[PDB]
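Participant: Residue numbers (the authors' numbering), protein chains in the order written: chain T, 2 to 114; chain 6, 1 to 48; chain 4, 2 to 58; chain V, 2 to 128; chain Q, 1 to 123.
Beta carbons are placed, not taken as given, at the ideal position from N, Cα and C, and that holds for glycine.
Please read through the structure below; I'll follow up with questions.
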Amino acid sequence: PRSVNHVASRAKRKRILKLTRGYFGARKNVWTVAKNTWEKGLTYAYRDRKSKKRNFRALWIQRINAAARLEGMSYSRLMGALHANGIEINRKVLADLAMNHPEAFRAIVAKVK
Amino acid sequence: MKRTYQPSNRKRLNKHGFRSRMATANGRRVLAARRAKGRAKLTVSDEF
Amino acid sequence: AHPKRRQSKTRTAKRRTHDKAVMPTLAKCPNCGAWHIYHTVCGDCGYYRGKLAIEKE
Amino acid sequence: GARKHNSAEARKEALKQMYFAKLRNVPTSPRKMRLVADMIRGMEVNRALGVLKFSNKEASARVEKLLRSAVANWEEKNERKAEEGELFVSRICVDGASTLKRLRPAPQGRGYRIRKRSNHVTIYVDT
Amino acid sequence: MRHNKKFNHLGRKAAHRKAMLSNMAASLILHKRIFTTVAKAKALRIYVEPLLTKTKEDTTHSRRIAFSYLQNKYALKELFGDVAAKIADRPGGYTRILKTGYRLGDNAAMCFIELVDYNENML
RNA sequence: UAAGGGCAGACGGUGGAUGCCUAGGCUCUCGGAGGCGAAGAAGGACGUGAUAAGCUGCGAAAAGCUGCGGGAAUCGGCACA
RNA sequence: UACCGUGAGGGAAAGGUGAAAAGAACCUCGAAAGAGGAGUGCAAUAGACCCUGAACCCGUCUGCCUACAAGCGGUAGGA
RNA sequence: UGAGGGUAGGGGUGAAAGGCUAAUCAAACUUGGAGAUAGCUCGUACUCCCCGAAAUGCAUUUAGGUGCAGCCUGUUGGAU
RNA sequence: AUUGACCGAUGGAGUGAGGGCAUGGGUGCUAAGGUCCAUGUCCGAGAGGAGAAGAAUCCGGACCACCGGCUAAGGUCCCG
RNA sequence: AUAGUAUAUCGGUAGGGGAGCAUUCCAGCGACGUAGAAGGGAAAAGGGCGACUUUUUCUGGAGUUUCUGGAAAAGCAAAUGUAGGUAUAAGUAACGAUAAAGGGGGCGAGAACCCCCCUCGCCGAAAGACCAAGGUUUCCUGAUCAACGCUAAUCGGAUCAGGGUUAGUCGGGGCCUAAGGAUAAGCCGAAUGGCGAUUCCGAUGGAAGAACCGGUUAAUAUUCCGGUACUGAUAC
RNA sequence: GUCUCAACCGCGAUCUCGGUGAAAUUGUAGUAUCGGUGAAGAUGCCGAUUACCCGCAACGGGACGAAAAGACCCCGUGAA
Ligand SMILES: [K+]
Ligand SMILES: [K+]
Ligand SMILES: [K+]
Ligand SMILES: [K+]
Ligand SMILES: [K+]
Ligand SMILES: [Mg+2]
Ligand SMILES: [Mg+2]
Ligand SMILES: [Mg+2]
Ligand SMILES: [Mg+2]
Ligand SMILES: [Mg+2]
Ligand SMILES: [Mg+2]
Ligand SMILES: [Mg+2]
Ligand SMILES: [Mg+2]
Ligand SMILES: [Mg+2]
Ligand SMILES: [Mg+2]
Ligand SMILES: [Mg+2]
Ligand SMILES: [Mg+2]
Ligand SMILES: [Mg+2]
Ligand SMILES: [Mg+2]
Ligand SMILES: [Mg+2]
Ligand SMILES: [Mg+2]
Ligand SMILES: [Mg+2]
Ligand SMILES: [Mg+2]
Ligand SMILES: [Mg+2]
Ligand SMILES: [Mg+2]
Ligand SMILES: [Mg+2]
Ligand SMILES: [Mg+2]
Ligand SMILES: [Mg+2]
Ligand SMILES: [Mg+2]
Ligand SMILES: [Mg+2]
Ligand SMILES: [Mg+2]
Ligand SMILES: [Mg+2]
Ligand SMILES: [Mg+2]
Ligand SMILES: [Mg+2]
Ligand SMILES: [Mg+2]
Ligand SMILES: [Mg+2]
Ligand SMILES: [Mg+2]
Ligand SMILES: [Mg+2]
Ligand SMILES: [Mg+2]
Ligand SMILES: [Mg+2]
Ligand SMILES: [Mg+2]
Ligand SMILES: [Mg+2]
Ligand SMILES: [Mg+2]
Ligand SMILES: [Mg+2]
Ligand SMILES: [Mg+2]
Ligand SMILES: [Mg+2]
Ligand SMILES: [Mg+2]
Ligand SMILES: [Mg+2]
Ligand SMILES: [Mg+2]
Ligand SMILES: [Mg+2]
Ligand SMILES: [Mg+2]
Ligand SMILES: [Mg+2]
Ligand code: NA
Ligand code: NA
Ligand code: NA
Ligand code: NA
Ligand SMILES: [Zn+2]
């Protein structure tokens, strides 16, 4: 018998073209251009999932540095005093406390200073 | 300029006509191949 | 001499920004009331600047 | 089984409130015709007729006679002669129709294709 | 550059251009109004007004000078007959150009030129 | 703000894919048969209709003529008016 | 077969309205092409290139963004 | 210079240029042998999982090919 | 001591254009991002981090996810 | 992967191995469909993972399918790959000899271009007239402007219909032969066949049979008509 | 007027408007500059610099611009 998968072959293309909506020019709807662009984007996402953890830790440290400096202490000396005192609060929590609850942050500083 | 096809009806039939095809064995061999193919035009004698 | 690339839709449409049909300079005829081109004889009535110019049968 | 009859009944009831006219298979290029449609879009009909009558583009004469039809369709579906200053061109669009292919000889035995294009024009009017 | 070059070549050779202006002038004298394009009618005005001015000195020399332009004896008969009497008092400005519209085949600007003393409605 | 442009959606245009379908193909099995022609063949030309380009049938007796067997209300081919 | 070749020879493209032509009388705008109606029909967005009717490509409208801005046009954040 | 004839492919014809022989000539065109052969170039399409090289030696009308060894992998039996 | 890394039989291969660096050398001019061998290593077939941006220099072998933590090479005035 | 949850391991080109999805059709047990099948648009949700699957709604208007097993025309992104369609360059090149046009009337919805008239310009050992070859209705007239015409077109060598070519002497043919061709008797030769007369065929040549001027149609004219001639047969 | 050494004139092309309307080429493009870096000569990488958005005319430095699977050179246990 003769087997041609017309409907199935065309359905594979149509599913991916829903994912390329919003692109510039021919990159959104022309099949070989769009599929090329979509595949390159997936490679970025794998790399950018890792860099997310780097960027958010760098932002926590910067906010902690500004909050500590308003209480006469740099980030490096404040962190050295916390680790010396056994405090295990992580940088995400401290940065949140630095920004939105400045009175609780001041109690952590007053415990090691 | 002068081109390759300069028509002459007397020359055409002498060279390719029905009576010249039938005069030799190889000409009749051509007529048999064209009949077996079902050609509507057998020789230049038909288009006239 | 030769295009290195086909132009995208955007580039072609940006060039065509300055492709506009020119509007006629129209005026109303004080006699007929019809539109006519300013500084020309009204083709309906035949008048021009308040005077008959082309007496039309 | 009455499904397509019920879909079509609603389609016809809506068409009673739409006033429009169509030009189909006009034997001129759609891009040049579009130049004229941009000129009269959203403009009072009495002023547009004079604008089309004295236009320097050749496509305007065809469009002028289609606007007259659109106004007449409006009066048929509303049962009164239209006033002056009342109607206006609420919508107009030009779409490319089917193309007629032809041949034009070129030097050294080559031949090129000529496209003789067509277009459709649709006009809506509104009070 | 064309600084101070005061005549329209009209897209023709010199011999062609002179022949057309002479044929057109004969048509205007015989038919009191003709329809033509605007660029051609403005060039005829500079050509035909001095010729109509020569009928104020009715002599053999004036007729022959005019004939050297038109080379048409019916135009000469009309020019020194009825046309001469109508313009005997007007100090120049014998003709008038009025614009009319555009042609179908090439969208050329159209007008009509006529002798002023033959248009009664505009007097 | 938008001369213009970008993206999304709605509704259309063009084009003729896809789904469904068949009127034609392809490979074989079983049985028969294996020629036509000087009594002019195969293949053609020209004709042939109330109307008649082209096919089909036919041959100046020219969409046809005569018998015998069958069959029973429509018929003057494709094919209309 | 059309078509190409002096000739031997080479050699295409092209299927589908509807159950039934019931294949759209008549009116309106137009010089008439084209359309809007009316009518037939289960359906006319089945109207003759007519079943369904995709893509590339092409329009109109609506929402948001855009005239101090510089790189494979996305990706991860984010008013 | 017109008309009509004649010479046909390793053949013709050539005041000789390998010129010309239907816009094709150091061997015309058409069909067939025929899907010639091409140690050469280009191309080879659904998914996930486990393992994972070589570009060395020898020989070769061999050197950008191949045979055997070396190095990978499946199954099976031994310990090494 | 060693996650087992070695061998035999038998089914299936690919490879037989290598390259950089360090060390020992020949050749060259103690030239070459040169060339020919030997011993390791990495690229080839290897992403991540530092070096402004570099196939093989320095650190380090990516099952997937995380808006958790500790470190390597290298850094801690600002772009960072 | 090993042991039966524990330990180890999970970057990969050539390449080896394992396990699956979709497609067309078949067998079996069975289901769905005008109270709406396949296909097409939109949306939502699933899968150790994935190839893919499911549901809802619009269109559509007649077929479709679960599971187990079976068989293949069983899956495209690239081959200066093929067909069909549609883009870009772009409203760009170009509209085919620089002999040339202007005006007034006309028919007409519509005129730079069509018809008539006046003027202008070009050829005139030709760009005028008559034949041959070749073409084959393009010739004249009415209707038509979709396509064709490198623009428009009321016009056309365009579409449709009707009409139009008249010979005793003209040109052929009937007669004759040239180059060459086909043969007879004969000769040669695996076959197919090759040669071969004073015979026949074959004009581009030779004929002892003979016509010229004029006029008429929208379209024929030594052909029809007028005038004036000529050449064969045949009967008295 | 070949040149020193060019100047001016006429028509056709050219430019603008109306009518008709192709082609070669084309992975996608929001396509600036300098030096560096680099398959060793960068619109697209790095660091700086400059730059409001969109056309038209005109000229050819670059896109190792297009065209044609380099004829030179070497290779094939190729061909004529
Ligand atoms: K559609
Ligand atoms: K801004
Ligand atoms: K040969
Ligand atoms: K099926
Ligand atoms: K006519
Ligand atoms: Mg422009
Ligand atoms: Mg057209
Ligand atoms: Mg106009
Ligand atoms: Mg030619
Ligand atoms: Mg659509
Ligand atoms: Mg189909
Ligand atoms: Mg009987
Ligand atoms: Mg529908
Ligand atoms: Mg349809
Ligand atoms: Mg600034
Ligand atoms: Mg030589
Ligand atoms: Mg030749
Ligand atoms: Mg040879
Ligand atoms: Mg063989
Ligand atoms: Mg082959
Ligand atoms: Mg491994
Ligand atoms: Mg080799
Ligand atoms: Mg081997
Ligand atoms: Mg080797
Ligand atoms: Mg080697
Ligand atoms: Mg080296
Ligand atoms: Mg060395
Ligand atoms: Mg080397
Ligand atoms: Mg490695
Ligand atoms: Mg690992
Ligand atoms: Mg792996
Ligand atoms: Mg297949
Ligand atoms: Mg190419
Ligand atoms: Mg250009
Ligand atoms: Mg230009
Ligand atoms: Mg040209
Ligand atoms: Mg031009
Ligand atoms: Mg011309
Ligand atoms: Mg002549
Ligand atoms: Mg005629
Ligand atoms: Mg036309
Ligand atoms: Mg005719
Ligand atoms: Mg005779
Ligand atoms: Mg004889
Ligand atoms: Mg005649
Ligand atoms: Mg006569
Ligand atoms: Mg000029
Ligand atoms: Mg133009
Ligand atoms: Mg550089
Ligand atoms: Mg650069
Ligand atoms: Mg090049
Ligand atoms: Mg090559
Ligand atoms: Na805007
Ligand atoms: Na008989
Ligand atoms: Na439904
Ligand atoms: Na496909
Ligand atoms: Zn008026």
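#1: Distance, Cα to Cα, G97 (chain V) vs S10 (chain T)?
#2: For residue 1 (chain V), write down the residues that DSSP places opposite it in a beta bridge.
#3: Please state if the CB of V34 (chain T) and the CB of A82 (chain T) are separated by a distance shorter than 7 Å.
#4: Examine ligand 7 and report whether any of its heavy atoms sits within less than 6 Å of the Cβ of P28 (chain V).
#5: Just tell me which of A19 (chain Q), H31 (chain Q), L123 (chain Q) has its CA closest to the CA of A43 (chain Q).
#6: Run through DSSP, which three-state label would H31 (chain Q) get?
#7: For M122 (chain Q), decide whether its Cβ has a neighbour in chain 4, counting only Cβ atoms nearer than 7 Å.
#8: Using the beta-carbon of each residue, which ones in chain 4 are nearer than 9 Å to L88 (chain V)?
#9: Would you tell me roughly how many angstroms separate the C-alpha atoms of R78 (chain T) and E104 (chain T), rounded to the nearest one?
#10: Does the beta carbon of residue 121 (chain 4) come closer than 7 Å to any beta carbon on chain Q?
#11: Please list the residues of the stretch 94-105 of chain Q that have a C-beta atom closer than 8 Å to any C-beta atom in chain 4, keeping them in chain order.
#12: Per DSSP, what are the beta-bridge partners of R64 (chain T) in this structure?
#13: Taking the straight line between their C-alpha atoms, what separation do you get for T41 (chain 4) and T100 (chain Q)?
#14: With respect to 6 Å, is the separation between the Cβ of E59 (chain V) and the closest non-hydrogen atom of ligand 8 below this value?
#15: What does the alpha-carbon distance come out to for the pair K15 (chain 4) and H37 (chain 4)?
#16: Starting from the beta carbon of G51 (chain 4), find every residue of chain Q whose beta carbon is closer than 8 Å, and list them in chain order.
#17: Over the uninterrupted beta strand (DSSP E) stretch that includes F112 (chain Q), give me the two end residues.
#18: Expressed to the nearest angstrom, what Euclidean distance is found between the alpha-carbon atoms of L27 (chain 4) and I124 (chain V)?
#19: If you measure from the beta carbon of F55 (chain V) to each beta carbon in chain 4, is any gap under 7 Å?
Facilitator: According to the data block:
#1: Their backbone Cα atoms lie some 31 Å apart in a straight line.
#2: Residue 1 (chain V) cannot be examined here, being either before or after the span of chain V that is shown, 2 to 128.
#3: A82 (chain T) is not a Cβ neighbour of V34 (chain T), given a cutoff of 7 Å.
#4: The answer is yes for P28 (chain V).
#5: Taking only the C-alpha atoms, the option nearest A43 (chain Q) is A19 (chain Q).
#6: Shown here, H31 (chain Q) sits in coil according to DSSP, grouped into three states, outside any helix or strand.
#7: Closer than 7 Å: yes.
#8: Against chain 4, a Cβ distance below 9 Å from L88 (chain V) picks out nothing, because the smallest value is about 17 Å.
#9: So the alpha carbons of these two residues sit roughly 20 Å apart.
#10: Missing from the structure shown is residue 121 (chain 4); chain 4 here goes from 2 to 58 and no further.
#11: Correct list: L98, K99, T100, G101.
#12: DSSP output for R64 (chain T) lists no bridge partner at all.
#13: Between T41 (chain 4) and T100 (chain Q), the C-alpha separation is close to 5 Å.
#14: For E59 (chain V), the Cβ falls inside the 6 Å cut-off from some heavy atom of ligand 8.
#15: Whole-angstrom Cα-Cα distance: 35 Å.
#16: Simply none; closest approach about 10 Å.
#17: Here the beta strand (DSSP E) through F112 (chain Q) covers 109-115.
#18: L27 (chain 4) and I124 (chain V) have their C-alpha atoms some 23 Å from each other.
#19: Using a CB distance cut-off of 7 Å, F55 (chain V) counts as an interface residue toward chain 4.
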